[PDB]
Amino acid sequence: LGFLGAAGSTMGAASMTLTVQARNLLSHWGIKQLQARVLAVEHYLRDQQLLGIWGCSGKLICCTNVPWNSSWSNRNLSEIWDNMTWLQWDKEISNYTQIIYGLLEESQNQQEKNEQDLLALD
Amino acid sequence: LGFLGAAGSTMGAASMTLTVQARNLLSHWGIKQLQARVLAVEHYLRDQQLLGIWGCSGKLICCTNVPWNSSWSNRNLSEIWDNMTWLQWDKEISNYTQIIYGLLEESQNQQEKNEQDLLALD
Amino acid sequence: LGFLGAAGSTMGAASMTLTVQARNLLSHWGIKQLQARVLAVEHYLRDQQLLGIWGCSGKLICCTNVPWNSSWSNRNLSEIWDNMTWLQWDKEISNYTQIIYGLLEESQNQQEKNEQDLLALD
Amino acid sequence: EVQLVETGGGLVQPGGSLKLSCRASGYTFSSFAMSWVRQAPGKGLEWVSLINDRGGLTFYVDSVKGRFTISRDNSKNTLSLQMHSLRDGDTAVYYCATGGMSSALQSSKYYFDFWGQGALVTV
Amino acid sequence: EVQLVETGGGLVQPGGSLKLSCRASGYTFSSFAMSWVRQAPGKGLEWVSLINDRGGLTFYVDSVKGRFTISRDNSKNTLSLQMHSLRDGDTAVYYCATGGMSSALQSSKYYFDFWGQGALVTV
Amino acid sequence: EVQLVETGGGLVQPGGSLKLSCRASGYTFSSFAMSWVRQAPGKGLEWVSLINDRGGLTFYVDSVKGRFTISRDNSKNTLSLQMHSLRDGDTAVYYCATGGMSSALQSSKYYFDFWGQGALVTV
Amino acid sequence: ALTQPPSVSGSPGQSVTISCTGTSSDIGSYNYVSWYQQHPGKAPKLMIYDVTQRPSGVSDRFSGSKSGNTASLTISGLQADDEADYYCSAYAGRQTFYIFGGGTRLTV
Amino acid sequence: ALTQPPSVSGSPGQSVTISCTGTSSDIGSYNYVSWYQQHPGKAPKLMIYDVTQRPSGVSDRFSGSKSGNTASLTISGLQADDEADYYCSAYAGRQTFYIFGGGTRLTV
Amino acid sequence: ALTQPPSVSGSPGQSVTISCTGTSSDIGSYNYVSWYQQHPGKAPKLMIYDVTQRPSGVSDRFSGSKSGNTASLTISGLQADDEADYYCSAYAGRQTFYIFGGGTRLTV
Ligand SMILES: *[C@@H]1O[C@H](CO)[C@@H](O[C@@H]2O[C@H](CO)[C@@H](O)[C@H](O)[C@H]2NC(C)=O)[C@H](O)[C@H]1NC(C)=O
Ligand SMILES: *[C@@H]1O[C@H](CO)[C@@H](O[C@@H]2O[C@H](CO)[C@@H](O)[C@H](O)[C@H]2NC(C)=O)[C@H](O)[C@H]1NC(C)=O
Ligand SMILES: *[C@@H]1O[C@H](CO)[C@@H](O[C@@H]2O[C@H](CO)[C@@H](O)[C@H](O)[C@H]2NC(C)=O)[C@H](O)[C@H]1NC(C)=O
Ligand SMILES: *[C@@H]1O[C@H](CO)[C@@H](O)[C@H](O)[C@H]1NC(C)=O
Ligand SMILES: *[C@@H]1O[C@H](CO)[C@@H](O)[C@H](O)[C@H]1NC(C)=O
Ligand SMILES: *[C@@H]1O[C@H](CO)[C@@H](O)[C@H](O)[C@H]1NC(C)=O
Ligand SMILES: *[C@@H]1O[C@H](CO)[C@@H](O)[C@H](O)[C@H]1NC(C)=O
Ligand SMILES: *[C@@H]1O[C@H](CO)[C@@H](O)[C@H](O)[C@H]1NC(C)=O
Ligand SMILES: *[C@@H]1O[C@H](CO)[C@@H](O)[C@H](O)[C@H]1NC(C)=O
Ligand SMILES: *[C@@H]1O[C@H](CO)[C@@H](O)[C@H](O)[C@H]1NC(C)=O
Ligand SMILES: *[C@@H]1O[C@H](CO)[C@@H](O)[C@H](O)[C@H]1NC(C)=O
Ligand SMILES: *[C@@H]1O[C@H](CO)[C@@H](O)[C@H](O)[C@H]1NC(C)=O
């Protein structure tokens, strides 16, 4: 395949190319070229910070404790993974992204506190 | 609350707003503005590198194996967490920061080596 | 020792100074100085991204499931760790670096998928 | 004045279920871990369950591990215990108590400071 | 038409070994988890082993845990079972079946949809 | 010449305690893992404890797990064993030995290369 | 094992119930209990899965339910063609994976 | 359980000791052994915690100590008002959390 | 323990075999089986390690092998100087670390 080769593939199939996409995020006139590189770095770091905040700091794929709400475009399970591409999915739930992210942050802080308490039990 | 809303709160109470603060670290004339952004990125990375070095790479809160020395401003336990703010604490132990950081780095390298040996036991 | 003090030491001995080296990666005319800092940041991030991709996101030392091939400059085990420096080792296997990296990426994606399946077993 | 006041209880058939509750005041409810302690008629004291102050961590004695639920509502200042699949061996006075584990920032206790009077449960 | 067809089997001395295999078609082999189920002569059904669709995760019933290997080749559409250190207690018909665990993206089943006819193994 | 020389030992009452030590030379002390091996009077050999070369990892046979401490001082080239809550069953010669686990960079052995003569402990 | 005691019977056209009793955590906590129809010398056919579902190819005669720690298979009006052994099985919490019940024989 | 054997007694004004014997790891390793005063039909009152501490509201009469795997409660000069059952309890390593001892009766 | 049954013997110049039988997973899965020569009142000497290796200082007389769950030590032509107890030992999967066999006596 190669970079974005999986863009037209189903969401399930495309889950096998996350490595490929991840590597291509990093790999006066001149000042505007320099500005663009700096902004690209800041963007990269923001995505990494969210993964860190959500408790998914070193994974391309991870699980969380936030249940999927049926209100968030319930489109079955197999229909999403086998008969839809990621480009379509990103529109199906575009109005829920901020809700989901907020939930992911909250159901991390709750976990860190529980872990901290357990480490204090002699 | 919001960004720095917890600054006047006790250290204990303020531990619940770490997420808020973390997100606001990332979120010729023009060249000096560009320079400032670059330096902010380097600062961010230095803090992340220390967390990585200390074995606390993806957590807002983590525990270590370094004991607290009573010489490091022993101010009880409940007094620190309930009747002090983080701004005050940062002055109470400002002369011990480098000592603590050095200890945190050493009591990581010792742990990585022990883990490495255990993974070689058939 | 200090920065690069271990460069002439054996590979084994030098494994104890990884912390030292890691910290020194971060710690019109003016525009070229700014460019150099930006590029240094991008380089740093590329190394961190690989460690993330390989499943070794927060460690200076980690293990993988890729076996060492004898074709990759088989030089025994104790000879490499006790009678060779890292500078020499980097030449002994310079033509296998890309092969090894590719294997390390593949034998991660396989692991993430297996972990994902296990988390779905009620 | 710290008070823990239990309610609920009564006689239930073996194989049945019931729920106990405890209201509390005189202290910040949300600042303390709580537990239920069993006083069988002639045994005096048995630990049953422990819940932390945020209501997220629960621990049980093995004998009720698959049957009892300990829960909290910090807006109501209420502790509660749901007991399922009751046995005759569970006949006891069940006491509401504050203590046990703590927040890890505040001098963990590992003992009980306050007791209610307890609900009587017969099975 | 989905078909699972077993081969191999036969009588082997206790302490010996043998290998079974199952060829399959009528479905994408690589899309389904598979298992072997034992039918002892008078017991009917015992689960023996489960393998996921990518051939990376295997699970065993404790009684064969240190003796049997379950494996797959998705280019050949073949499921196989290697049985070592055989016991008389392993006499049974061994069935090839599709089902059990799934991919976690596709409605995990936890049941068997298809069965072959089974190989007869005597020890 | 590699030598391991034990000291300490003697007769101790059951329920008492004692400490053994072993000095060593002819090799870099810090390069090898070490252990204590028990020779009961008529049993010959029992493994008791293993310590790695940096003195950070210790392993014990279950029978002494809650009673014995194995420790090292690499500046003194000394291995030591503290035995608490002694039992009559611990009467044995205790040997200082080099070997067992290794550094993971250096050909792990899983056998003992050198032995001292051992201290005699009677309980 | 799960228990499906011997034996169940009835005249053609009558309904019958085949039971399957578990323990506590197995069919009590997991809604993955299946039923199979086992012919005397043929591979078994799936009838019921989850609790109440049936695969295509299975007629309306076969239905079922679960309550407490006990499951059952119901045949709405028995045919002579149903003289088969019935087996129940269920998911076992990733510890033993699947538990089959001792089966039971249906006579028409 | 921990053992506080029956029974302890003395005349008013005499000191008494109430024992509590554990096993190995429970009160041997954890300095979290508490004592309670149990009245006949009333909730118990905390007297001692940790090893030697007492809460406000508890008088000087009650003190205590621990050695080896055995703990004890000391009453420095017994009152008739102390006719209560005594219970000891201790932290159990996050496995069973708390172990209560069988209690023992004090008669003045 | 591993079993090295009593007893082994032969005339000077004859070869002898000393066995060491394990169980299943210990010497079956780990190729870390060593043999020691134990003199009556002296510390033991290492003869064999891994399966077939011997340290410097050990002569050609001592060799060995492993098959299945059983290991053995072979002496190619017995000397009177070999009247020692022999012990086998092996790695035990990081659970018990090392298991020694009951030893056995060699008489020339
Ligand atoms: C799924 O999203 C819906 C829509 O926001 C949630 O329903 C709302 O829940 C709040 C909670 O107090 C109610 O006040 C709203 O009135 C609910 N909205 C509707 C339309 O009923 C629902 O709770 C979410 N479910 C989950 C599991 O998160
Ligand atoms: C706490 O800090 C004090 C002060 O640095 C440490 O005490 C010193 O320890 C070194 C160790 O060799 C001695 O040489 C110094 O003389 C000690 N200083 C004083 C004033 O006594 C102390 O060890 C630290 N404790 C812990 C637990 O780290
Ligand atoms: C070690 O590297 C060698 C050299 O690339 C590998 O050998 C090749 O394996 C492929 C696999 O199909 C064969 O087609 C090549 O012909 C092999 N080359 C040679 C020279 O034989 C070898 O498999 C690698 N071993 C491991 C363990 O990865
Ligand atoms: C494109 O659609 C066709 C329709 O059958 C399908 O076979 C093909 O695999 C699809 N390609 C990708 C990249 O998914
Ligand atoms: C929706 O989910 C149900 C669950 O069984 C499934 O049967 C149905 O086919 C799904 N619909 C689609 C469009 O996949
Ligand atoms: C988001 O809101 C707009 C508002 O009109 C709506 O049209 C759009 O379809 C919504 N998107 C989703 C994913 O519901
Ligand atoms: C400020 O001090 C008052 C004093 O009672 C306290 O109630 C209040 O919560 C404090 N505010 C913050 C943010 O801590
Ligand atoms: C200091 O710690 C002790 C430990 O019990 C506590 O009693 C005391 O009140 C604490 N002091 C302050 C100021 O909190
Ligand atoms: C740090 O050292 C200076 C030196 O005078 C001292 O005044 C200051 O109080 C010290 N800070 C702490 C936290 O002790
Ligand atoms: C340099 O080589 C000498 C040769 O003996 C050795 O002793 C010394 O330690 C080496 N230095 C380093 C830094 O390895
Ligand atoms: C190569 O490895 C073998 C394995 O035992 C070892 O004996 C030999 O000395 C090693 N060679 C070198 C140069 O270290
Ligand atoms: C890499 O390939 C070149 C090609 O000539 C060769 O000279 C060099 O030695 C090779 N390096 C290694 C590590 O084999």
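What counts, and where the lines are drawn
Residues numbered from 1 in each chain as written, not as in the entry; some residues may be left out. Chains lettered and ligands numbered in written order. Part of a larger assembly, values for the part shown. Heavy atoms only, no water. Helix = DSSP H or I, 4+ residues; strand = E, 2+ residues; numbered from the N terminus. Rg over C-alpha atoms; globule rule 2.2 N^0.38 Å. Buried < 20%, exposed > 50% of the residue type's maximum accessible area, 1.4 Å probe, protein only. Areas by Shrake-Rupley, 256 points an atom, 1.4 Å probe, with all protein chains shown as cover. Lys, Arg positive; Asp, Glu negative; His and termini not counted. Charge placed at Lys NZ, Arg CZ, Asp CG, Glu CD. Near = heavy atom within 4 Å. Polar contact = N/O pair within 3.5 Å; in protein donor to acceptor, adjacent residues only side chain to side chain. Nonpolar A, V, L, I, M, F, W, Y, C, P; charged D, E, K, R; others polar. Contact = heavy atoms within 4.5 Å. Buried area = accessible area lost by both parts, 1.4 Å probe. Salt bridge = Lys/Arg side-chain N within 4 Å of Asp/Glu carboxyl O. Least-squares fit on C-alpha atoms. Expected span 1.5 Å × (residues − 1). Pairing = 2+ DSSP bridges. Axes fitted to C-alpha atoms, helices over the stretch in contact; angles between N-to-C directions. Parallel < 35°, antiparallel > 145°, perpendicular 65-115°, else oblique. Left-handed = near helix turned anticlockwise from the far one by under 90°. Disulfide = S-S within 2.5 Å.

- This entry, as listed in the PDB, derives from cryo-EM and reports a resolution of 3.71 Å.

### Observations concerning the overall build of chain D
Now for step 1: Looking only at helices and strands, chain D has zero helices and eleven strands in total.
Now for step 2: Beginning at the N terminus, the succession of helices and strands in chain D can be written as β-β-β-β-β-β-β-β-β-β-β.
Now for step 3: The C-alpha radius of gyration of chain D comes to 14 Å, within 12% of the 14 Å expected for a compact globule of 123 residues.
Now for step 4: Overall size of chain D, expressed as C-alpha extent along the three principal axes, is 40 × 30 × 25 Å.
Now for step 5: Looking at chain D residue by residue over its 123 residues, the buried ones come to 53%.
Now for step 6: Surface exposure of chain D reaches about 5,100 Å², of which carbon and sulfur atoms provide 47%.
Now for step 7: Across chain D, 11 positive and 9 negative side-chain charges occur, with their mean positions spaced 5 Å apart.

### Digging into the site of ligand 9
Residue and element names in this part refer to chain B.
Now for step 1: Around ligand 9 sit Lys-91, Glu-92, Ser-94 and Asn-95, and those are all the residues in its vicinity.
Now for step 2: For ligand 9, an oxygen atom lies 2.4 Å from a polar atom in the side chain of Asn-95.
Now for step 3: Burial of ligand 9 by the protein chains amounts to 34% of its free accessible area of 360 Å².
Now for step 4: Tallied by class, residues from the shell around ligand 9 come to no nonpolar, two polar and two charged.

### Concerning the interface of chain C and chain A
A common way to state how big an interface is: give the accessible area lost once the parts meet.
Now for step 1: Counting residues at the interface gives 20 residues for chain C and 21 residues for chain A.
Now for step 2: Between chain C and chain A, a total of about 1,900 Å² is buried, with carbon and sulfur atoms accounting for 64% of that surface.
Now for step 3: Broken down residue by residue, the surface that chain C buries against chain A is led by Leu45(C), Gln49(C) and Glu112(C), which jointly contribute 27%.
Now for step 4: In this structure, the connection of chain C to chain A is made through two salt bridges.

### Describing the relation of the copies chain C and chain A
Now for step 1: Rotating chain C by 120° and translating it 0.0 Å along the rotation axis places it on chain A, where the RMSD comes to 0.0 Å. Given the turn and translation reported, the copies of this chain are related as if by a three-fold rotation axis.

### Description of helix α6 (residues 97-118) of chain C
Now for step 1: For α6(C), which comprises 22 residues, the first-to-last C-alpha distance of 32 Å matches the rise-based estimate of 32 Å (1.5 Å per residue) to within 8%.
Now for step 2: Considering only its buried residues, α6(C) is in contact with α2 (18-23) of chain A together with α3 (30-53) of chain C.

### Quick look at the sheet that holds strand β7 (residues 68-73) of chain E
Residue and element names in this part refer to chain E.
Now for step 1: Strand order in the open sheet made by the four strands is β1-β3-β8-β7, with antiparallel pairing throughout. Each of the sheet's edge strands pairs with one partner strand only, and the pair in question is β1 (3-8) and β7. Looking at each pair of strands side by side, their axes are set apart by 20° on average, direction ignored.
Now for step 2: Pairing geometry for strand β3 (residues 18-25) and strand β8 (residues 78-83), over six bridges, is antiparallel. Looking at β8, one finds that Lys-19 is bridged to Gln-82.

### Structural notes on the sheet that holds strand β1 (residues 3-8) of chain D
All names here are of chain D.
Now for step 1: If you walk across this open sheet you meet the four strands as β1-β3-β8-β7, and the pairing is antiparallel. In this open sheet, the two strands that pair with only one neighbour each are β1 and β7 (68-73). Across the sheet, the axes of successive neighbouring strands diverge by a mean angle of 20°, strand direction being ignored.

### Examining the packing of helix α3 (residues 30-53) of chain A against helix α3 (residues 30-53) of chain B
Now for step 1: It is the contact of α3(A) with α3(B), at a shortest axis distance of 11 Å, that shows an interaxial angle of 30°. Viewed along their axes, α3(A) and α3(B) adopt a mutual orientation that is roughly parallel. Like other packed secondary-structure pairs, α3(A) and α3(B) cross with a definite hand, here left-handed. Facing α3(A), whose interface residues are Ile31(A), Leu34(A), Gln35(A), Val38(A), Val41(A), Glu42(A), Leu45(A) and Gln49(A), α3(B) presents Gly30(B), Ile31(B), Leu34(B), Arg37(B), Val38(B), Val41(B), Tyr44(B) and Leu45(B).
Now for step 2: In the contact of α3(A) with α3(B), the residues fall into eleven nonpolar, three polar and two charged.

### Looking at the state of the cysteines
Now for step 1: According to the stated counting rule, one finds nine disulfides over all chains in the structure shown.
Now for step 2: Disulfide partner of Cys56(B): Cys62(B), at an S-S distance of 2.0 Å. Looking along the S-S bond of the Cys56(B)-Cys62(B) disulfide, the torsion reads about -115°, which is the left-handed sense.
Now for step 3: For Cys56(B), a relative accessible area of 4% corresponds to the buried category.
Now for step 4: Sulfur-sulfur distance for the disulfide between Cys22(E) and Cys96(E) comes to 2.0 Å. Its S-S torsion of approximately -85° makes the covalent link between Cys22(E) and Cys96(E) left-handed. One end of the pair, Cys22(E), is in strand β3; the other, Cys96(E), is in strand β9 (residues 92-99), with 74 residues separating them in the sequence.
Now for step 5: When its relative accessible area of 0% is taken as the criterion, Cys22(E) is described as buried.

### Some remarks on the pairing of strand β5 (residues 45-48) of chain H
All names here are of chain H.
Now for step 1: Sheet topology places strand β4 (residues 33-38) next to β5; three bridges connect them, and they run antiparallel. When the sheet's bridge partners are listed, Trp-35 is paired in β5 with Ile-48.
Now for step 2: What sits between the antiparallel neighbours β4 and β5 is a turn of six residues, in which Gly-41 has the positive phi angle 120°.

### Digging into the pattern of salt bridges
Now for step 1: The full count for this structure, using the stated rule, is 36 salt bridges over all chains.
Now for step 2: Taking the shortest distance from any N to any O, the salt bridge between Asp82(I) and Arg61(I) comes out at 3.1 Å. Placement of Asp82(I) in the loop between β7 (70-75) and β8 (85-91) and of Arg61(I) in the loop between β5 (45-48) and β6 (62-67) is noted, with a sequence separation of 21 residues between them.
Now for step 3: A relative accessible area of 1% places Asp82(I) in the buried class.
Now for step 4: When its relative accessible area of 24% is taken as the criterion, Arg61(I) is described as partly exposed.
Now for step 5: Each of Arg75(A), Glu79(A) and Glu92(A) takes part in salt bridges that share partners, so that together they form one network.

### Let's talk about the side chain of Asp26(I)
All names here are of chain I.
Now for step 1: If you trace the backbone, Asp-26 turns up in helix α1 (residues 26-29).
Now for step 2: This buried residue, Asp-26, is left without a salt bridge; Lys-66 holds the nearest opposite charge, at 8.4 Å.
Now for step 3: Within the local environment of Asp-26, its side chain forms a polar contact with the backbone nitrogen of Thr-23, the two atoms lying 3.0 Å apart.
Now for step 4: Ignoring anything within four residues of it in the chain, the contact list for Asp-26 reads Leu-2, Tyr-91 and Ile-99.

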